[PDB]
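Asker: Data: input-v6.pdb, PDB, C-alpha atoms and all ligand atoms.
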MODEL        1
ATOM      1  CA  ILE A   1      26.912   6.390 -59.198  1.00  0.00           C
ATOM      2  CA  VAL A   2      30.044   7.625 -57.391  1.00  0.00           C
ATOM      3  CA  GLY A   3      33.379   6.189 -58.578  1.00  0.00           C
ATOM      4  CA  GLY A   4      31.881   4.458 -61.568  1.00  0.00           C
ATOM      5  CA  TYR A   5      32.455   4.612 -65.283  1.00  0.00           C
ATOM      6  CA  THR A   6      30.476   5.637 -68.355  1.00  0.00           C
ATOM      7  CA  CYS A   7      28.674   2.464 -69.399  1.00  0.00           C
ATOM      8  CA  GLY A   8      28.568   3.023 -73.141  1.00  0.00           C
ATOM      9  CA  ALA A   9      25.356   3.803 -74.962  1.00  0.00           C
ATOM     10  CA  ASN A  10      22.745   1.061 -74.728  1.00  0.00           C
ATOM     11  CA  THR A  11      25.107  -1.499 -73.163  1.00  0.00           C
ATOM     12  CA  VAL A  12      22.672  -1.840 -70.214  1.00  0.00           C
ATOM     13  CA  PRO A  13      19.537  -2.255 -72.353  1.00  0.00           C
ATOM     14  CA  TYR A  14      17.217  -3.177 -69.437  1.00  0.00           C
ATOM     15  CA  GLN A  15      18.010   0.114 -67.601  1.00  0.00           C
ATOM     16  CA  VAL A  16      15.120   2.581 -67.670  1.00  0.00           C
ATOM     17  CA  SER A  17      14.770   6.133 -66.532  1.00  0.00           C
ATOM     18  CA  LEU A  18      11.609   7.105 -64.725  1.00  0.00           C
ATOM     19  CA  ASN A  19      10.569  10.639 -65.682  1.00  0.00           C
ATOM     20  CA  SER A  20       7.970  12.954 -64.161  1.00  0.00           C
ATOM     21  CA  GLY A  21       9.077  16.004 -66.068  1.00  0.00           C
ATOM     22  CA  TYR A  22      12.681  15.170 -65.139  1.00  0.00           C
ATOM     23  CA  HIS A  23      14.607  11.960 -64.398  1.00  0.00           C
ATOM     24  CA  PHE A  24      14.015  10.930 -60.823  1.00  0.00           C
ATOM     25  CA  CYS A  25      14.771   7.203 -60.492  1.00  0.00           C
ATOM     26  CA  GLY A  26      15.936   4.150 -62.382  1.00  0.00           C
ATOM     27  CA  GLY A  27      14.179   0.869 -63.040  1.00  0.00           C
ATOM     28  CA  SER A  28      14.641  -2.440 -64.826  1.00  0.00           C
ATOM     29  CA  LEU A  29      12.649  -3.745 -67.729  1.00  0.00           C
ATOM     30  CA  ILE A  30      11.621  -7.326 -66.853  1.00  0.00           C
ATOM     31  CA  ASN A  31       9.438  -8.012 -69.953  1.00  0.00           C
ATOM     32  CA  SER A  32       7.876  -5.913 -72.683  1.00  0.00           C
ATOM     33  CA  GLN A  33       5.113  -4.523 -70.405  1.00  0.00           C
ATOM     34  CA  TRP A  34       6.686  -4.290 -66.879  1.00  0.00           C
ATOM     35  CA  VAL A  35       9.376  -2.443 -64.992  1.00  0.00           C
ATOM     36  CA  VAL A  36      10.722  -3.205 -61.522  1.00  0.00           C
ATOM     37  CA  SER A  37      11.771  -0.169 -59.418  1.00  0.00           C
ATOM     38  CA  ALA A  38      11.931   0.844 -55.773  1.00  0.00           C
ATOM     39  CA  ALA A  39       8.666   1.634 -53.911  1.00  0.00           C
ATOM     40  CA  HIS A  40      10.302   4.787 -52.559  1.00  0.00           C
ATOM     41  CA  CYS A  41      10.461   5.951 -56.215  1.00  0.00           C
ATOM     42  CA  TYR A  42       6.662   5.998 -56.345  1.00  0.00           C
ATOM     43  CA  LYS A  43       5.250   9.188 -57.963  1.00  0.00           C
ATOM     44  CA  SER A  44       1.825   9.581 -59.705  1.00  0.00           C
ATOM     45  CA  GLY A  45       2.366  10.404 -63.397  1.00  0.00           C
ATOM     46  CA  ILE A  46       5.478   8.428 -64.423  1.00  0.00           C
ATOM     47  CA  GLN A  47       6.752   8.105 -67.991  1.00  0.00           C
ATOM     48  CA  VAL A  48       9.154   5.215 -68.566  1.00  0.00           C
ATOM     49  CA  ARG A  49      12.073   6.051 -70.843  1.00  0.00           C
ATOM     50  CA  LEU A  50      13.793   3.062 -72.406  1.00  0.00           C
ATOM     51  CA  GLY A  51      16.754   2.949 -74.721  1.00  0.00           C
ATOM     52  CA  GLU A  52      18.336   5.985 -73.030  1.00  0.00           C
ATOM     53  CA  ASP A  53      21.934   6.950 -72.833  1.00  0.00           C
ATOM     54  CA  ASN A  54      22.046  10.741 -72.504  1.00  0.00           C
ATOM     55  CA  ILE A  55      18.816  11.519 -70.640  1.00  0.00           C
ATOM     56  CA  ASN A  56      18.970  15.160 -71.808  1.00  0.00           C
ATOM     57  CA  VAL A  57      19.397  14.508 -75.567  1.00  0.00           C
ATOM     58  CA  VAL A  58      17.005  12.578 -77.811  1.00  0.00           C
ATOM     59  CA  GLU A  59      19.560  10.417 -79.607  1.00  0.00           C
ATOM     60  CA  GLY A  60      17.289   8.103 -81.606  1.00  0.00           C
ATOM     61  CA  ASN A  61      16.943   4.817 -79.764  1.00  0.00           C
ATOM     62  CA  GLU A  62      14.543   5.839 -77.014  1.00  0.00           C
ATOM     63  CA  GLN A  63      11.058   4.608 -76.393  1.00  0.00           C
ATOM     64  CA  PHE A  64       8.952   6.855 -74.131  1.00  0.00           C
ATOM     65  CA  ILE A  65       5.960   5.000 -72.775  1.00  0.00           C
ATOM     66  CA  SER A  66       3.569   6.315 -70.074  1.00  0.00           C
ATOM     67  CA  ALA A  67       2.899   4.076 -67.082  1.00  0.00           C
ATOM     68  CA  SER A  68      -0.650   2.826 -66.852  1.00  0.00           C
ATOM     69  CA  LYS A  69      -0.325   1.396 -63.352  1.00  0.00           C
ATOM     70  CA  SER A  70       2.120   1.366 -60.491  1.00  0.00           C
ATOM     71  CA  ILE A  71       1.943  -1.338 -57.718  1.00  0.00           C
ATOM     72  CA  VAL A  72       4.005  -0.693 -54.555  1.00  0.00           C
ATOM     73  CA  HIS A  73       4.696  -3.922 -52.610  1.00  0.00           C
ATOM     74  CA  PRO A  74       1.852  -4.703 -50.207  1.00  0.00           C
ATOM     75  CA  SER A  75       4.299  -4.780 -47.228  1.00  0.00           C
ATOM     76  CA  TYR A  76       6.421  -1.768 -48.226  1.00  0.00           C
ATOM     77  CA  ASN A  77       7.440   0.186 -45.129  1.00  0.00           C
ATOM     78  CA  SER A  78       8.677   3.672 -46.161  1.00  0.00           C
ATOM     79  CA  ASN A  79      10.225   4.199 -42.676  1.00  0.00           C
ATOM     80  CA  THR A  80      12.625   1.235 -42.784  1.00  0.00           C
ATOM     81  CA  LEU A  81      12.511   0.670 -46.569  1.00  0.00           C
ATOM     82  CA  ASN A  82      11.682  -2.925 -45.911  1.00  0.00           C
ATOM     83  CA  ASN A  83      10.124  -4.357 -49.151  1.00  0.00           C
ATOM     84  CA  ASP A  84      11.350  -1.401 -51.228  1.00  0.00           C
ATOM     85  CA  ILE A  85      10.046  -2.713 -54.536  1.00  0.00           C
ATOM     86  CA  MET A  86       7.415  -1.543 -56.969  1.00  0.00           C
ATOM     87  CA  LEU A  87       6.082  -2.729 -60.345  1.00  0.00           C
ATOM     88  CA  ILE A  88       5.232  -0.304 -63.124  1.00  0.00           C
ATOM     89  CA  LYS A  89       3.092  -1.426 -66.032  1.00  0.00           C
ATOM     90  CA  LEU A  90       3.591   0.320 -69.367  1.00  0.00           C
ATOM     91  CA  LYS A  91       0.566   1.563 -71.250  1.00  0.00           C
ATOM     92  CA  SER A  92       1.860  -0.209 -74.346  1.00  0.00           C
ATOM     93  CA  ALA A  93       4.515  -2.874 -74.759  1.00  0.00           C
ATOM     94  CA  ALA A  94       8.029  -1.827 -75.527  1.00  0.00           C
ATOM     95  CA  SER A  95       9.513  -2.927 -78.866  1.00  0.00           C
ATOM     96  CA  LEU A  96      12.272  -5.206 -77.734  1.00  0.00           C
ATOM     97  CA  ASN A  97      15.514  -4.833 -79.684  1.00  0.00           C
ATOM     98  CA  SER A  98      19.252  -4.723 -79.188  1.00  0.00           C
ATOM     99  CA  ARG A  99      18.951  -1.398 -77.287  1.00  0.00           C
ATOM    100  CA  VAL A 100      15.723  -2.144 -75.301  1.00  0.00           C
ATOM    101  CA  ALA A 101      15.733  -5.549 -73.662  1.00  0.00           C
ATOM    102  CA  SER A 102      14.485  -7.289 -70.591  1.00  0.00           C
ATOM    103  CA  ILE A 103      16.498  -8.667 -67.692  1.00  0.00           C
ATOM    104  CA  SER A 104      15.733 -12.103 -66.184  1.00  0.00           C
ATOM    105  CA  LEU A 105      14.383 -12.466 -62.690  1.00  0.00           C
ATOM    106  CA  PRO A 106      16.503 -14.728 -60.499  1.00  0.00           C
ATOM    107  CA  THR A 107      15.923 -18.334 -59.613  1.00  0.00           C
ATOM    108  CA  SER A 108      18.337 -18.343 -56.708  1.00  0.00           C
ATOM    109  CA  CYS A 109      19.551 -15.530 -54.495  1.00  0.00           C
ATOM    110  CA  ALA A 110      22.962 -14.142 -55.315  1.00  0.00           C
ATOM    111  CA  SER A 111      25.942 -15.085 -53.130  1.00  0.00           C
ATOM    112  CA  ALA A 112      28.109 -12.839 -50.910  1.00  0.00           C
ATOM    113  CA  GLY A 113      31.226 -11.877 -52.865  1.00  0.00           C
ATOM    114  CA  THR A 114      29.562 -11.857 -56.272  1.00  0.00           C
ATOM    115  CA  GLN A 115      30.427  -8.808 -58.319  1.00  0.00           C
ATOM    116  CA  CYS A 116      27.301  -7.108 -59.697  1.00  0.00           C
ATOM    117  CA  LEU A 117      26.669  -4.333 -62.179  1.00  0.00           C
ATOM    118  CA  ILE A 118      24.880  -1.304 -60.726  1.00  0.00           C
ATOM    119  CA  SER A 119      23.864   1.523 -63.040  1.00  0.00           C
ATOM    120  CA  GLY A 120      22.066   4.827 -63.095  1.00  0.00           C
ATOM    121  CA  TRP A 121      21.951   8.559 -63.734  1.00  0.00           C
ATOM    122  CA  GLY A 122      22.348   9.485 -60.059  1.00  0.00           C
ATOM    123  CA  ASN A 123      24.819  11.752 -58.329  1.00  0.00           C
ATOM    124  CA  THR A 124      28.471  11.138 -59.008  1.00  0.00           C
ATOM    125  CA  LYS A 125      29.856  12.899 -55.923  1.00  0.00           C
ATOM    126  CA  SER A 126      30.212  11.559 -52.378  1.00  0.00           C
ATOM    127  CA  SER A 127      30.513  15.151 -51.110  1.00  0.00           C
ATOM    128  CA  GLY A 128      28.402  17.541 -53.129  1.00  0.00           C
ATOM    129  CA  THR A 129      26.357  17.155 -56.258  1.00  0.00           C
ATOM    130  CA  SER A 130      26.931  16.441 -59.936  1.00  0.00           C
ATOM    131  CA  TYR A 131      24.451  14.559 -62.040  1.00  0.00           C
ATOM    132  CA  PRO A 132      25.617  13.009 -65.231  1.00  0.00           C
ATOM    133  CA  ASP A 133      23.641  13.061 -68.427  1.00  0.00           C
ATOM    134  CA  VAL A 134      24.934   9.690 -69.689  1.00  0.00           C
ATOM    135  CA  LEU A 135      24.404   6.384 -67.918  1.00  0.00           C
ATOM    136  CA  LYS A 136      27.051   5.394 -65.350  1.00  0.00           C
ATOM    137  CA  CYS A 137      27.971   1.932 -64.216  1.00  0.00           C
ATOM    138  CA  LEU A 138      29.730   0.388 -61.246  1.00  0.00           C
ATOM    139  CA  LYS A 139      30.840  -3.138 -60.456  1.00  0.00           C
ATOM    140  CA  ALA A 140      30.372  -3.814 -56.739  1.00  0.00           C
ATOM    141  CA  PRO A 141      30.487  -6.994 -54.693  1.00  0.00           C
ATOM    142  CA  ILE A 142      27.727  -8.263 -52.448  1.00  0.00           C
ATOM    143  CA  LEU A 143      28.838  -8.102 -48.772  1.00  0.00           C
ATOM    144  CA  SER A 144      28.097 -10.717 -46.132  1.00  0.00           C
ATOM    145  CA  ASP A 145      24.946 -10.386 -44.072  1.00  0.00           C
ATOM    146  CA  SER A 146      27.091  -9.951 -40.966  1.00  0.00           C
ATOM    147  CA  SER A 147      29.107  -7.136 -42.491  1.00  0.00           C
ATOM    148  CA  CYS A 148      25.899  -5.420 -43.754  1.00  0.00           C
ATOM    149  CA  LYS A 149      24.370  -5.616 -40.258  1.00  0.00           C
ATOM    150  CA  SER A 150      27.510  -4.332 -38.616  1.00  0.00           C
ATOM    151  CA  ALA A 151      27.445  -1.325 -40.955  1.00  0.00           C
ATOM    152  CA  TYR A 152      23.800  -0.515 -40.208  1.00  0.00           C
ATOM    153  CA  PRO A 153      22.946  -1.991 -36.804  1.00  0.00           C
ATOM    154  CA  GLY A 154      19.206  -2.602 -36.203  1.00  0.00           C
ATOM    155  CA  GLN A 155      18.350  -1.555 -39.791  1.00  0.00           C
ATOM    156  CA  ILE A 156      18.963  -4.568 -42.152  1.00  0.00           C
ATOM    157  CA  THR A 157      16.130  -6.977 -42.776  1.00  0.00           C
ATOM    158  CA  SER A 158      16.255 -10.277 -44.636  1.00  0.00           C
ATOM    159  CA  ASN A 159      14.868  -8.355 -47.680  1.00  0.00           C
ATOM    160  CA  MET A 160      18.045  -6.255 -47.986  1.00  0.00           C
ATOM    161  CA  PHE A 161      21.647  -6.836 -48.841  1.00  0.00           C
ATOM    162  CA  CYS A 162      24.661  -4.631 -48.901  1.00  0.00           C
ATOM    163  CA  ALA A 163      27.003  -4.225 -51.845  1.00  0.00           C
ATOM    164  CA  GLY A 164      30.025  -2.011 -52.364  1.00  0.00           C
ATOM    165  CA  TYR A 165      33.262  -1.131 -50.667  1.00  0.00           C
ATOM    166  CA  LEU A 166      33.693  -0.469 -46.966  1.00  0.00           C
ATOM    167  CA  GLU A 167      36.742   1.804 -47.678  1.00  0.00           C
ATOM    168  CA  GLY A 168      34.345   4.198 -49.466  1.00  0.00           C
ATOM    169  CA  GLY A 169      34.736   5.897 -52.863  1.00  0.00           C
ATOM    170  CA  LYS A 170      32.422   3.683 -54.977  1.00  0.00           C
ATOM    171  CA  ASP A 171      28.646   3.379 -54.551  1.00  0.00           C
ATOM    172  CA  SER A 172      25.250   4.186 -55.952  1.00  0.00           C
ATOM    173  CA  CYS A 173      23.689   7.435 -54.869  1.00  0.00           C
ATOM    174  CA  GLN A 174      20.635   9.722 -55.061  1.00  0.00           C
ATOM    175  CA  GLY A 175      18.952   9.436 -58.406  1.00  0.00           C
ATOM    176  CA  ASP A 176      20.134   5.858 -58.957  1.00  0.00           C
ATOM    177  CA  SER A 177      17.260   4.608 -56.668  1.00  0.00           C
ATOM    178  CA  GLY A 178      15.098   1.996 -58.276  1.00  0.00           C
ATOM    179  CA  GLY A 179      17.761   0.940 -60.729  1.00  0.00           C
ATOM    180  CA  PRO A 180      19.270  -2.470 -61.236  1.00  0.00           C
ATOM    181  CA  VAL A 181      21.853  -4.543 -59.436  1.00  0.00           C
ATOM    182  CA  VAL A 182      22.592  -7.347 -61.938  1.00  0.00           C
ATOM    183  CA  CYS A 183      24.562 -10.381 -60.817  1.00  0.00           C
ATOM    184  CA  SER A 184      25.285 -13.357 -63.045  1.00  0.00           C
ATOM    185  CA  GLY A 185      22.948 -11.908 -65.661  1.00  0.00           C
ATOM    186  CA  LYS A 186      19.886 -11.649 -63.360  1.00  0.00           C
ATOM    187  CA  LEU A 187      18.194  -8.804 -61.498  1.00  0.00           C
ATOM    188  CA  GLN A 188      19.246  -9.424 -57.896  1.00  0.00           C
ATOM    189  CA  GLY A 189      18.951  -5.999 -56.365  1.00  0.00           C
ATOM    190  CA  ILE A 190      17.232  -2.617 -56.558  1.00  0.00           C
ATOM    191  CA  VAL A 191      19.064   0.546 -55.532  1.00  0.00           C
ATOM    192  CA  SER A 192      17.350   1.328 -52.241  1.00  0.00           C
ATOM    193  CA  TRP A 193      19.307   3.296 -49.634  1.00  0.00           C
ATOM    194  CA  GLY A 194      22.545   3.990 -47.735  1.00  0.00           C
ATOM    195  CA  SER A 195      24.014   6.584 -45.426  1.00  0.00           C
ATOM    196  CA  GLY A 196      25.218   9.233 -47.843  1.00  0.00           C
ATOM    197  CA  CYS A 197      27.058   7.840 -50.855  1.00  0.00           C
ATOM    198  CA  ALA A 198      30.466   6.176 -51.047  1.00  0.00           C
ATOM    199  CA  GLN A 199      31.243   6.983 -47.347  1.00  0.00           C
ATOM    200  CA  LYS A 200      33.581   4.723 -45.434  1.00  0.00           C
ATOM    201  CA  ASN A 201      31.834   1.800 -43.640  1.00  0.00           C
ATOM    202  CA  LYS A 202      28.473   2.736 -45.198  1.00  0.00           C
ATOM    203  CA  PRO A 203      27.947   0.536 -48.272  1.00  0.00           C
ATOM    204  CA  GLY A 204      24.860   0.655 -50.421  1.00  0.00           C
ATOM    205  CA  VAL A 205      21.740  -1.206 -49.353  1.00  0.00           C
ATOM    206  CA  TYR A 206      19.683  -2.983 -51.958  1.00  0.00           C
ATOM    207  CA  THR A 207      16.283  -4.614 -52.072  1.00  0.00           C
ATOM    208  CA  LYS A 208      16.761  -8.402 -52.323  1.00  0.00           C
ATOM    209  CA  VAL A 209      14.811  -9.148 -55.523  1.00  0.00           C
ATOM    210  CA  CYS A 210      15.010 -12.969 -55.162  1.00  0.00           C
ATOM    211  CA  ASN A 211      12.602 -12.745 -52.159  1.00  0.00           C
ATOM    212  CA  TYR A 212       9.963 -11.116 -54.459  1.00  0.00           C
ATOM    213  CA  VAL A 213       9.863 -13.356 -57.564  1.00  0.00           C
ATOM    214  CA  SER A 214       6.645 -15.102 -56.545  1.00  0.00           C
ATOM    215  CA  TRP A 215       4.920 -11.722 -55.853  1.00  0.00           C
ATOM    216  CA  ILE A 216       6.183 -10.291 -59.127  1.00  0.00           C
ATOM    217  CA  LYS A 217       5.013 -13.307 -61.113  1.00  0.00           C
ATOM    218  CA  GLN A 218       1.574 -13.454 -59.502  1.00  0.00           C
ATOM    219  CA  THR A 219       1.106  -9.744 -59.866  1.00  0.00           C
ATOM    220  CA  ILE A 220       2.052  -9.678 -63.545  1.00  0.00           C
ATOM    221  CA  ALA A 221      -0.228 -12.725 -64.137  1.00  0.00           C
ATOM    222  CA  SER A 222      -3.086 -10.657 -62.738  1.00  0.00           C
ATOM    223  CA  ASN A 223      -2.609  -7.038 -64.108  1.00  0.00           C
TER     224      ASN A 223
HETATM  225 CA    CA B   1      18.208  10.323 -74.680  1.00  0.00          CA
ENDMDL
END
Could you show the structure in this file as structure tokens?
Ligand SMILES: [Ca+2]

Answerer:
Amino acid sequence: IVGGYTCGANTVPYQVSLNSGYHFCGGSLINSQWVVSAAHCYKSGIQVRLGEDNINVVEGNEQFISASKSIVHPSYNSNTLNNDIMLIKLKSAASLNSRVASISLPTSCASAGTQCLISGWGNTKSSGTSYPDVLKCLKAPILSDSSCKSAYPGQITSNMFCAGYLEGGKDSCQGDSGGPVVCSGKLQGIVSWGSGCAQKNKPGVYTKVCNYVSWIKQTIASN
């Protein structure tokens, strides 16, 4: 997250870190057994880390649970990042508590102009690299479809939305991929892509989770 703030330990209790020996992506806990992330975060060999604040210090509220299964969307296209969504099943259920909690899936798609909470352990610099140890947060508004398409001509599908600030300075970034975009208390987006981070006229692009609720529900009813 570039231009964000330190969230505060465990104030984003649905945020997970995906670890393959190191943190490499975020995700969102949607019930005790399942995490939503980005398909471009797929790796074999994922451990889900819940209850994290500092990802480099065991502070006492973590749960580390191996994935048993990962399910990339059947229509994921890694070239365009259309359908950039994945489900990860935990080998055992998380113990839900004040620090480890699920986020609701949406009933309706979020509206342009809504301010959402985006969070992650990704890079904090637009130019260069600095990765934080504690979770960072950003409030960013959803942009209109027309503004999103103008920013990335020929690249935005109906399964993507833009959020952020066209002047630059505030955005998600590498290492935040797969993490949540929460709007009105629901998971509406997944950190998916953008041209650099926090550059002028290049807002973040997010997977539109409301288009995937029926797939998520049928897949979790079946696995
Ligand atoms: Ca920790």

Asker: Could the residues that lie within 6 Å of ligand CA 1 (chain B), counting only C-alpha atoms and all ligand atoms, be listed as a list in words?

Answerer: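 Those residues are residues 52, 53, 54, 55, 56, 57, 58 and 59 of chain A.
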
Asker: May I have the residues from that selection written out with C-alpha atoms, as a compact mmCIF listing (two decimals), in the coordinates of the input?

Answerer:
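Ended up saving to again_32.txt:
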# COMPACT_ATOMS: atom_id res chain seq x y z
CA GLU A 52 18.34 5.98 -73.03
CA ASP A 53 21.93 6.95 -72.83
CA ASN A 54 22.05 10.74 -72.50
CA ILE A 55 18.82 11.52 -70.64
CA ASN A 56 18.97 15.16 -71.81
CA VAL A 57 19.40 14.51 -75.57
CA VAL A 58 17.00 12.58 -77.81
CA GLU A 59 19.56 10.42 -79.61

Asker: Which one of A:131, A:165, A:215, A:121 sits closest to residue 191 of chain A if you count all atoms listed in the file?

Answerer: A:121

Asker: I want to know what sits within 9 Å of residue 27 of chain A, based on all atoms listed in the file, with residues of the same chain fewer than 6 positions away left out; could you give that as a list in words?

Answerer: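 Counting all atoms listed in the file, the residues come to residues 14, 15, 16, 17, 18, 35, 36, 37, 38, 48, 120, 176, 177, 178, 179, 180, 190 and 191 of chain A.
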
Asker: Name the residues that the PyMOL selection byres (((chain A and resi 82) around 10) and not hetatm) pulls out of this structure, and write them as a list in words.

Answerer: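 For this structure, the PyMOL selection byres (((chain A and resi 82) around 10) and not hetatm) captures residues 39, 73, 75, 76, 77, 78, 79, 80, 81, 83, 84, 85, 155, 156, 157, 158, 159, 160, 192, 207 and 208 of chain A.
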
Asker: Which polymer residues, protein or nucleic acid, are no farther than 6 Å from (23.9, 1.0, -55.6), counting all atoms listed in the file, as a PyMOL selection string?

Answerer: chain A and resi 118+171-172+191+204

Asker: Pick the closest to residue 51 of chain A from A:113, A:168, A:8, A:74: which is it, counting only C-alpha atoms?

Answerer: A:8

Asker: Can you work out which one of A:29, A:105, A:65, A:9 has the shortest atom-to-atom distance to residue 217 of chain A, counting only C-alpha atoms?

Answerer: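 Closest candidate: A:105.
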
Asker: Expressed in Å to a single decimal, how great is the separation between atom CA of residue 137 of chain A and atom CA of residue 119 of chain A?

Answerer: 4.3 Å

Asker: One number please: atom CA of residue 223 of chain A to atom CA of residue 71 of chain A, in Å, one decimal.

Answerer: 9.7 Å

Asker: Would you translate the PyMOL selection byres (((chain A and resi 220) around 12) and not hetatm) into the concrete set of residues it matches in this file, as a ChimeraX atom specification?

Answerer: /A:30-36,69-71,86-90,213-219,221-223

Asker: Write a file of the just-selected residues containing C-alpha atoms, as an mmCIF file, in the coordinates of the input.

Answerer:
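Produced file selection.cif, reproduced below:
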data_model
loop_
_atom_site.group_PDB
_atom_site.id
_atom_site.type_symbol
_atom_site.label_atom_id
_atom_site.label_comp_id
_atom_site.auth_asym_id
_atom_site.auth_seq_id
_atom_site.Cartn_x
_atom_site.Cartn_y
_atom_site.Cartn_z
ATOM 1 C CA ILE A 30 11.621 -7.326 -66.853
ATOM 2 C CA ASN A 31 9.438 -8.012 -69.953
ATOM 3 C CA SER A 32 7.876 -5.913 -72.683
ATOM 4 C CA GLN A 33 5.113 -4.523 -70.405
ATOM 5 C CA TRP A 34 6.686 -4.290 -66.879
ATOM 6 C CA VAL A 35 9.376 -2.443 -64.992
ATOM 7 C CA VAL A 36 10.722 -3.205 -61.522
ATOM 8 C CA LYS A 69 -0.325 1.396 -63.352
ATOM 9 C CA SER A 70 2.120 1.366 -60.491
ATOM 10 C CA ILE A 71 1.943 -1.338 -57.718
ATOM 11 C CA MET A 86 7.415 -1.543 -56.969
ATOM 12 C CA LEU A 87 6.082 -2.729 -60.345
ATOM 13 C CA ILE A 88 5.232 -0.304 -63.124
ATOM 14 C CA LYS A 89 3.092 -1.426 -66.032
ATOM 15 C CA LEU A 90 3.591 0.320 -69.367
ATOM 16 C CA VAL A 213 9.863 -13.356 -57.564
ATOM 17 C CA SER A 214 6.645 -15.102 -56.545
ATOM 18 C CA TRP A 215 4.920 -11.722 -55.853
ATOM 19 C CA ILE A 216 6.183 -10.291 -59.127
ATOM 20 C CA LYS A 217 5.013 -13.307 -61.113
ATOM 21 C CA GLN A 218 1.574 -13.454 -59.502
ATOM 22 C CA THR A 219 1.106 -9.744 -59.866
ATOM 23 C CA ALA A 221 -0.228 -12.725 -64.137
ATOM 24 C CA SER A 222 -3.086 -10.657 -62.738
ATOM 25 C CA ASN A 223 -2.609 -7.038 -64.108
#

Asker: For the atom pair atom CA of residue 4 of chain A and atom CA of residue 109 of chain A, what is the interatomic distance in Å to one decimal place?

Answerer: 24.5 Å

Asker: Measuring between only C-alpha atoms, which one of A:128, A:116, A:161, A:3 shows the shortest distance to residue 146 of chain A?

Answerer: A:161

Asker: Name the residues, using the chain letters and numbers of the file, that sit within 12 Å of (24.3, 5.7, -50.4) when counting only C-alpha atoms, and give them as an NGL selection string.

Answerer: :A and (1-2 or 122-127 or 152 or 162-166 or 168-177 or 191-206)

Asker: Report the residues retrieved by the PyMOL selection byres (((chain A and resi 45) around 9) and not hetatm) from the displayed file, expressed as a PyMOL selection string.

Answerer: chain A and resi 19-20+43-44+46-47+66-68

Asker: In terms of the shortest atom-to-atom distance over all atoms listed in the file, which of A:10, A:49, A:112, A:129 is closest to residue 22 of chain A?

Answerer: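 For residue 22 of chain A, the nearest of the candidates is A:49.
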